[PDB]
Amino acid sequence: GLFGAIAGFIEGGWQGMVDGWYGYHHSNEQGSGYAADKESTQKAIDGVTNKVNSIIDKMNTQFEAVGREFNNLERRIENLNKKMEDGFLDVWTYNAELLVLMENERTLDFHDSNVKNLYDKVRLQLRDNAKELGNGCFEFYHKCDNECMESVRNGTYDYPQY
């Protein structure tokens, strides 16, 4: 993917993170677990929801065929009518299949972007207080309990305190 996170430096997703699209997994003396990032997830849900409604809406106005009949000596205008109605159906079919193709690619990249941005947000907080493993994980130099973990998820992780 374009932004390198999903199926990139982060090998794979997490079956164990059920309550969100993006989030955190922690490991310390007290235990381990997954926590979805609510803000980035909901932001992604809005983006995609609007995308779908925007797609549905743009395609709302589109050619509708009407039945027309012609006698045996009106073959030219019958054929004209046939090629006209088909022409539009092919144009609108193309429009629909391409829009899906293009926006599907953008939607997957969008998710990748959200993960990368979330990764970078944590990276900018930890800075030198943790070892960047290269796989999505940051290994702490100081010991980090559940409050310490929560503070990273908060955005309230104090560099000066550690």
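One rule holds for the numbers: they count along the sequence shown, beginning at 1.
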Item to check | Residue range whose averaged C-alpha B-factor is higher in the record, 63-71 or 113-121 | outcome: 63-71
Checklist entry - Comparing 94-102 with 23-31, which has the greater mean CA B-factor as deposited? => result 23-31
Next on the checklist: Among the choices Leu126, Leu108, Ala36, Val48, identify the one whose CA B-factor in the record is greatest.
Outcome noted: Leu126
Checklist outcome for this item: Sorting the chain's modelled residues by C-alpha B-factor and splitting them into thirds places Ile55 in the middle
Next on the checklist: Among the modelled residues of this chain, does the Cα B factor of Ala44 put it in the lowest, middle or highest third?
Outcome noted: lowest
Next on the checklist: Splitting the chain's C-alpha B-factors into thirds, which one does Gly155 fall into?
Outcome noted: highest
